[PDB]
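Novice: If you read the sequences in order, they're chains B and A.
Read left to right, the first sequence gives residues 1 to 30, 35 to 142, 145 to 161 (the entry's author numbering).
Read left to right, the second sequence gives residues 1 to 30, 35 to 142, 145 to 160 (the entry's author numbering).
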Amino acid sequence: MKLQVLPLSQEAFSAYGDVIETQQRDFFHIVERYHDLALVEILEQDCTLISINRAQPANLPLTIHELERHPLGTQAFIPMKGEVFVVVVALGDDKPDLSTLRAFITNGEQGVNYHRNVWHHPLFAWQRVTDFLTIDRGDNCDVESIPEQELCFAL
Amino acid sequence: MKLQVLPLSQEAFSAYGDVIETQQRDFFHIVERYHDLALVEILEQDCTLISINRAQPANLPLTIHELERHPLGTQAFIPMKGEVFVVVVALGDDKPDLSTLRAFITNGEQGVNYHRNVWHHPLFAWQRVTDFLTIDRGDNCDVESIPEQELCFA
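Pasting the structure below:
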């Protein structure tokens with residue numbers, strides 16, 4: 001199944017989570037504070053931990069066949085050296101709702117925070133080893151397979 | 001008084017917070037997951053906020069005369085383009101305990117998470133404008151004066 005990879009934007013991503021970036025975002029003059041870019045929510049009396057995931061770059065062509073989700077907590081990933089990366093998300097209360105399945109490629113100035121219970125693909129890098137500043141709990147996530155998806159970058 | 005800025009290291013910073021870095025840190029082979041580098045503790049709020057603070061560089065010679073602290077939560081700052089930055093910390097339950105006053109300069113591969121209630125200087129960048137990914141409670147900030155300190159570097 002062809003899965004088109006489109007540019008990431010807050011507008012297109014809003015139903016899946018928050019896009020962490022400064023472009024055209026409101027800020028307070030203090035230092036310029038670009039506030040409330042993402043809301044971290046971790047329940048089940050779990051801790052909110054900061055980590056770094058060093059991911060190897062994946063090579064084209066890319067195919068996926070499963071998605072994971074964190075039912076009781078959000079998960080944020082922010083590249084540490086301006087790297088571009090790819091994300092795949094889907095909604096769905098008990099399983100991925102294919103009509104909402106989408107893929108996005110960042111612009112190098114963005115991070116993401118997946119809302120709780122939102123389906124996404126395990127972390128992987130693009131074109132180069134990337135260190136992702138990670139904010140989540142701390145494996146207690148749900149794993150569900152989906153029909154093979156062929157990510158498409160052209161067009 | 002001259003406050004000498006020294007290289008930031010986890011062992012020297014541990015009493016004030018945690019250094020967010022990968023160098024010589026334990027990890028899980030997955035992707036290499038460098039786990040639990042810092043613990044976010046927020047009081048009287050069930051959520052943590054992520055923001056970006058774009059900070060201007062300080063005008064040298066830098067002289068400081070006050071520190072701030074957040075009793076209700078930890079505060080993390082991680083540069084987004086590998087920039088080096090400077091931090092000033094101190095312990096003290098009532099007022100800043102000067103015997104614990106220290107200044108550190110990062111190596112470009114480090115972020116910091118100030119423990120809750122630890123005194124530190126308001127954010128500023130080093131040499132160039134820097135974007136700092138910020139993780140904190142998102145008012146409620148104590149501010150106390152300290153003897154005029156003159157930051158000295160290499």
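Each residue gets a CB set at the ideal place from its N, CA and C atoms; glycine is no exception.
For a contact defined as C-beta to C-beta under 8 angstroms, what are the partners of A/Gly86 on chain B?
Specialist: Your numbering for residue 86 of chain A matches position 82 in the second sequence. Here the neighbours are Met84, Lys85.
Novice: Compare the C-beta of B/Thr110 against all C-beta atoms of chain A and say whether one is closer than 9 angstroms.
Specialist: What you label residue 110 of chain B is simply residue 106 of the first sequence in a count that begins at 1. Chain A, which has no Cβ nearer than 9 angstroms to the Cβ of B/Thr110, makes this no.
Novice: What does DSSP give as the partner residues of residue 143 of chain A in its beta bridges?
Specialist: Absent here is residue 143 of chain A, because the residues of chain A run from 142 on to 145 with nothing modelled in between.
Novice: In the DSSP assignment, what are the bridge partners of B/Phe81?
Specialist: Counted from its first residue, the first sequence places residue 81 of chain B at position 77. In the DSSP output, where bridge partners are listed per residue, B/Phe81 has B/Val116, B/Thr138.
Novice: On the DSSP letters alone, give me the boundaries of the alpha helix (DSSP H) that A/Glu11 sits inside.
Specialist: For this step, residue 11 of chain A is matched to residue 11 along the second sequence. Where A/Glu11 is concerned, the enclosing alpha helix (DSSP H) stretches over 10-13.
Novice: Which residues in chain B sit within 8 angstroms of A/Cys147, going by Cβ to Cβ distance?
Specialist: To locate residue 147 of chain A, count along the second sequence from 1; it is residue 141. Within 8 angstroms Cβ-Cβ: nothing; A/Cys147 doesn't reach chain B, min ~12 angstroms.
Novice: Taking a cut of 9 angstroms between CB atoms, which residues from the segment 46-76 of chain B lie near chain A?
Specialist: Flagged, chain order: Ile46, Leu47, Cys51, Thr52, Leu53, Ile54, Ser55, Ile56, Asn57, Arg58, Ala59, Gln60.
Novice: Express the C-alpha separation of A/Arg58 and A/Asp135 in angstroms, rounding to a whole number.
Specialist: Residue numbering aside, residue 135 of chain A sits at position 131 when the second sequence is read from its first letter. Residue numbering aside, residue 58 of chain A sits at position 54 when the second sequence is read from its first letter. Distance between the alpha carbons of A/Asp135 and A/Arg58 is about 4 angstroms.
Novice: Closest to residue 34 of chain A by CA distance: which of A/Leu8, A/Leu3, A/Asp40, A/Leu71 is it?
Specialist: Here chain A is numbered 30 followed immediately by 35, so the structure offers no position for residue 34 of chain A.
Novice: Please state whether DSSP places B/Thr104 in a helix, a strand or coil.
Specialist: Here residue 104 of chain B refers to the residue found at position 100 when the first sequence is read from its first residue. In the structure shown, B/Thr104 sits in a helix (DSSP, three-state: H, G or I).
Novice: Strictly under 9 angstroms for the Cβ-Cβ distance: is A/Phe27 near chain B by that measure?
Specialist: Stepping through the second sequence from its first residue, residue 27 of chain A is reached at position 27. Output row for A/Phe27: interface = yes.
Novice: How should residue 33 of chain A be labelled, buried or exposed, when 16 other C-beta atoms within 10 angstroms of its C-beta is the threshold for buried?
Specialist: This model leaves out residue 33 of chain A; its place in chain A lies between 30 and 35, and no residues are given there.
Novice: Residues of chain A with CB closer than 8 angstroms to the CB of B/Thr22, please, in chain order.
Specialist: Working through the first sequence from its first residue, we reach residue 22 of chain B at position 22. Correct list: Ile56, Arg58, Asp135.
Novice: Tell me the DSSP secondary structure of B/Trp123 in three-state form.
Specialist: Here the question's residue 123 of chain B lines up with position 119 in the first sequence. Strand, per DSSP.
Novice: Any C-beta of chain A sitting closer than 9 angstroms to the C-beta of B/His125?
Specialist: Position 121 of the first sequence holds residue 125 of chain B. It does not: the Cβ of B/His125 has no partner Cβ on chain A nearer than 9 angstroms.
Novice: Quick one: grab the DSSP three-state call for A/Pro153.
Specialist: Indexing the second sequence from 1 puts residue 153 of chain A at position 147. The answer is strand: DSSP assigns A/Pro153 an E or B state.
Novice: Shorter than 9 angstroms from the beta carbon of B/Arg132 to some beta carbon of chain A?
Specialist: Start at 1 with the first residue of the first sequence, and residue 132 of chain B comes out as number 128. It does not: the Cβ of B/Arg132 has no partner Cβ on chain A nearer than 9 angstroms.
Novice: If you measure from the beta carbon of B/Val91 to each beta carbon in chain A, is any gap under 9 angstroms?
Specialist: Residue mapping note: residue 91 of chain B aligns to position 87 of the first sequence, counting from 1. No, B/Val91 lies away from the interface with chain A (no Cβ there is under 9 angstroms from its Cβ).
Novice: For a test of the three-state rule: what should DSSP assign to B/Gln4, helix, strand or coil?
Specialist: Within the first sequence, the letter at position 4 stands for residue 4 of chain B. If DSSP states are grouped into helix, strand and coil, B/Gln4 belongs with the strands.
Novice: Return helix, strand or coil for A/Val90, following the three-state DSSP convention.
Specialist: Taking the first residue of the second sequence as 1, we reach residue 90 of chain A at position 86. Three-state DSSP puts A/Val90 in a strand.
Novice: Tell me which residue opens and which closes the beta strand (DSSP E) that A/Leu41 is part of.
Specialist: Translated into the one-based positions of the second sequence, residue 41 of chain A becomes position 37. Its beta strand (DSSP E) spans residues 36-44.
Novice: Check this for me: beta carbons of B/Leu6 and B/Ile20, under 9 angstroms apart or not?
Specialist: For the purposes of this step, residue 6 of chain B is taken as residue 6 along the first sequence, with counting starting at 1. For the purposes of this step, residue 20 of chain B is taken as residue 20 along the first sequence, with counting starting at 1. No. Outside cutoff.
Novice: By a C-beta neighbour count over all protein chains shown, 10 Å radius and 16 as the cutoff for buried, is A/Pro83 buried or exposed?
Specialist: Taking the second sequence and counting its residues from 1, the one referred to as residue 83 of chain A is at position 79. Its Cβ being crowded by 16 or more others within 10 Å, A/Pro83 is buried.
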